[PDB]
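This is what each chain is made of:
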Amino acid sequence: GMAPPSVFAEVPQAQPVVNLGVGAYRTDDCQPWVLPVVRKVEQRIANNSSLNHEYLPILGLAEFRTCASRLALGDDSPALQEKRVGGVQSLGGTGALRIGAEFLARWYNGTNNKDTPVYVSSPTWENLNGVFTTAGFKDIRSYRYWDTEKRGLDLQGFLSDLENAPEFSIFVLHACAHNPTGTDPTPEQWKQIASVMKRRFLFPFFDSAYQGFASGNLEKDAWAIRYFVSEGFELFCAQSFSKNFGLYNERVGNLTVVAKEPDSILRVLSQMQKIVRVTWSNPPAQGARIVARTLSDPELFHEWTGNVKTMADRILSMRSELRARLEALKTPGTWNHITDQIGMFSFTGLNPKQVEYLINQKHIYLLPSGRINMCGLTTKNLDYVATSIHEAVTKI
Amino acid sequence: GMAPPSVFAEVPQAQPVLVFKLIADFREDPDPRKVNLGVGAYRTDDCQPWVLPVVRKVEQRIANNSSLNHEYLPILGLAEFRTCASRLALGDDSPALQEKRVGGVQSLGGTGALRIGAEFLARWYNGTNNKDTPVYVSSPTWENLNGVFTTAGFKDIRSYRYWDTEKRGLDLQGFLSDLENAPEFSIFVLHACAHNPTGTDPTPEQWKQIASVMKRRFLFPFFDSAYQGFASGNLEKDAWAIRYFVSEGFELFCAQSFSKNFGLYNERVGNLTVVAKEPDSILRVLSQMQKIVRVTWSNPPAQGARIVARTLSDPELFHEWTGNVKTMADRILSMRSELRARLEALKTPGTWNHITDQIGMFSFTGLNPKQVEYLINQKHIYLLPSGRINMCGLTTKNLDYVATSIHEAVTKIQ
């Protein structure tokens, strides 16, 4: 020993974590797309020399928080009229989930109760377990969701897992465009889910990362959140603007809180502020400024809804086209899930074996789960993808 | 029959934060002589925020570049920003940069850099998941520091002596004693320059004495660098202590903020610089940093980091920026000199050399709580109960009134 040992000497190397594996919108030319409305608002911001760079409030830009919560809940939401809604600007949807998880691990179902079960879908967003584990929750559980045989929602399994969940358990619910399956409950199925959650005092923590982006219509995509509000639930909703505004790298999110009465919102937000202060202090301005300007100008809002529907329509086109080509190519199995599914992501129903074939024989890159991003499909590669799927299904 | 109570019914209302209400009371005050010495950011002689000219210039260049997209940055952040930020702290000629034993994690301001570093240490430093390693912070220190380290899981936060109330400066002997008694491997959070809130910094010779104890007792330096260049106008002088520790062979963290020296407060631009003994550990440390970031903010925002990267990587913009930084530093130096001169011209009891010996925008004036109450209630001069003032709250127009009011407080109160 010649030298003093490094304090990092034992740090482990963390485990490593046509392209159908993208996780962001792409055009038919395989390119990123800055939304036209975003470019317009960025120019207005750049031309406004009165804007300064002083710290935003801990909880964020007030106009953004109000507009974001209105987007999720609806302008005429009774919860908004009754002043029992709070909004915390966050670092994307991830930051909203994290702040909400930190709050619940400190103040929900007792004080510092790390034992409340947290239920996530099987499968779910890959980062969700880490967010809740880091907040201190010791008991993360799964609810049945994807049915591999029917290629759709295992409603009876989901319902049984709700019925068997301890009272006050937290359920993380994808509000629409479930990631990674693309399979959402219908409104009637949502009503059954809500009924069990109401009876068993289960806490809805909605993750709304694809509102409007999902189906092309922002109002339809928020229906489940608004239904839970109308049924009298208190809930959280972690909103991301990464996908529906294409503002991935500006880290724009909002945590909406719905409580029974206004005083509870004040106390909850006061604890939120403490959590934020020691995490990022206060949030960045640029992306929230873009969203606030867009949502508070009816002309910009209308332009934005058009841009969102353009993205959804290109995806809906790729879904309709892929299913038609697979059905035209005498492909075994049912493929109505390709168009029943909603959003960018689709569980194709292909086992890893069929997946390895597409990566090493045909050089389509997709995840072992069979998840594809429909934004990786184009008018130019569709017939090649569809044919290669037909070979993966009939040969391997 | 009765509606059930909210699941939030037992959530307490958090304690009010004093500085927030102080600013609120200042805004309410109708007196035209009122002065806000409680502001937490740079202000011009006309009491205004200042967007740096170089920042406006780079923002226009970014806005006019339609080829930039909004796709996610890497988890660890924009590569050019991380490299430029670490080079600013360590110097172009750093031995650690030459030896490829430096990593940089883009963070949400200095706060985010402190938080990620604390989370890493609580998981991988001095054992696996060792929440018991003592973390030492200065008395007093940055108001949010304890909360950052507590939330990261550290159970034993301690103070080292630092501000000497009687001498209006550094309690070097107390600090050295607290270093000498610190358990081996304890973490010390050290302000690199422009101590917040006191303005009192160790001299280079005092830093050498501090480093000597830390080297001998294997104490870990976690530098907080929020005022590089802003503090004195000289980027190298303001980084001297960090660079001295690197030269002396320390491994260290350095949490860098660009909120003050770029005026980019609301774009949340920071960087955590890691200096390791051997190049191979940087990849391992950064792989764990990635996991921590992923579950906190996923990946960092682009706008502020783009501005900083463009400025630091272009010689013309860099030179303009160093001039903008000097403008801020020089205004603060002027207010310190002018306030001290007036207090001495009024023959105010006590010594006032701390007003110019201190560095950066914050100053522990030495006023006691009752004197602070007098300044707020009788003179409409707003400052913290600790006696902390922001020198940027002083202006050519208010200097006489502030100095006269301080003289009244010192001679009439307590």
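Residues numbered from 1 in each chain as written, not as in the entry; some residues may be left out. Chains lettered and ligands numbered in written order. Heavy atoms only, no water.

Listed as the method for this PDB entry is X-ray crystallography; the listed resolution is 1.400 Å.

Some details on the packing of helix α5 (residues 109-124) of chain B against helix α11 (residues 279-294) of chain B
How two helices sit against one another is set out by the angle between their axes and by the gap between those axes. All names here are of chain B. The test is simple: Orientation is described by lines fitted to C-alpha atoms, with helices fitted over the stretch in contact, and by angles between N-to-C directions that extend from 0 to 180 degrees. Labels follow the DSSP assignment, with helices taken as runs of H or I lasting at least four residues and strands as runs of E lasting at least two, numbered in each case from the N terminus. The crossing is said to be left-handed when, going from far helix to near helix, the turn is anticlockwise and less than a right angle, and right-handed when the turn is clockwise. Contact definition: two residues touch when any of their heavy atoms are within 4.5 Å. Residues are grouped as follows: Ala, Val, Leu, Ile, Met, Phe, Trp, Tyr, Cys and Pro are nonpolar; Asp, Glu, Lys and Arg are charged; all remaining types, including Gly, are polar.
For the pair α5 and α11, interaxial distance at closest approach is 10 Å and the crossing angle is 115°. For the pair α5 and α11, the sense of crossing is right-handed. Residues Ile116, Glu119, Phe120 and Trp124 of α5 pack against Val285, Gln288, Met289, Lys291, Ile292 and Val293 of α11. Split by residue class, the contact of α5 with α11 holds seven nonpolar, one polar and two charged.

Here's the deal with the domain arrangement of chain B
Interface size is commonly expressed as the accessible surface area that is lost when the partners come together. Residue and element names in this part refer to chain B. Rules: Domain delimitation follows an automatic or database domain assignment. By buried area we mean how much accessible surface two parts lose on assembly, using a 1.4 Å probe and totalling the loss over both. Think of a salt bridge as a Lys or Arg side-chain nitrogen and an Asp or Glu carboxyl oxygen that are within 4 Å of each other. Each polar contact in these results corresponds to two N or O atoms within 3.5 Å; when the atoms are within protein, one needs to be able to donate a hydrogen and the other to accept it, and residues that are neighboring in sequence are counted only if both atoms are side-chain atoms.
Domain annotation of chain B identifies domain 1 (17-50 + 330-410) and domain 2 (51-329). Of the residues lining the interface, 22 residues belong to domain 1; the matching set on domain 2 comes to 26 residues. Of the roughly 2000 Å² buried at the junction of domain 1 and domain 2 (both faces included), carbon and sulfur atoms supply 58%. Among the residues domain 1 hides against domain 2, the three largest losses belong to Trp50, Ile359 and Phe364. Together they make up 39% of the total. Here domain 1 and domain 2 share one salt bridge between them. In this structure, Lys326 engages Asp330 in a salt bridge whose closest nitrogen and oxygen atoms are separated by 2.7 Å. If you look at where domain 1 meets domain 2, you find 15 residue pairs in polar contact. Among the elements that line the side of domain 1 that touches domain 2, the one with the most residues is helix α13 (residues 315-345), at four residues. Taken together, the residues of the side of domain 1 that touches domain 2 break down into eleven nonpolar, eight polar and three charged.

Examining the domain arrangement of chain A
All names here are of chain A. In terms of domains, chain A is made up of domain 1 (1-33 + 313-395) and domain 2 (34-312). Taken together, the contact between domain 1 and domain 2 spans 22 residues of the former and 23 residues of the latter. Per-residue buried area on domain 1 facing domain 2 is highest for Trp33, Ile342 and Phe347; these three make up 38% of the total on that side. Our count for the domain 1 to domain 2 interface comes out at one salt bridge. Linking domain 1 with domain 2 are 16 residue pairs in polar contact. Mapped by element, the contributors of at least two residues to the side of domain 1 that touches domain 2 are α12 (298-328) and β10 (345-347). Sorting elements by how many residues they give to the side of domain 1 that touches domain 2 places α12 first, with four residues. A breakdown of the residues in the side of domain 1 that touches domain 2 according to their chemical character gives eleven nonpolar, eight polar and three charged.

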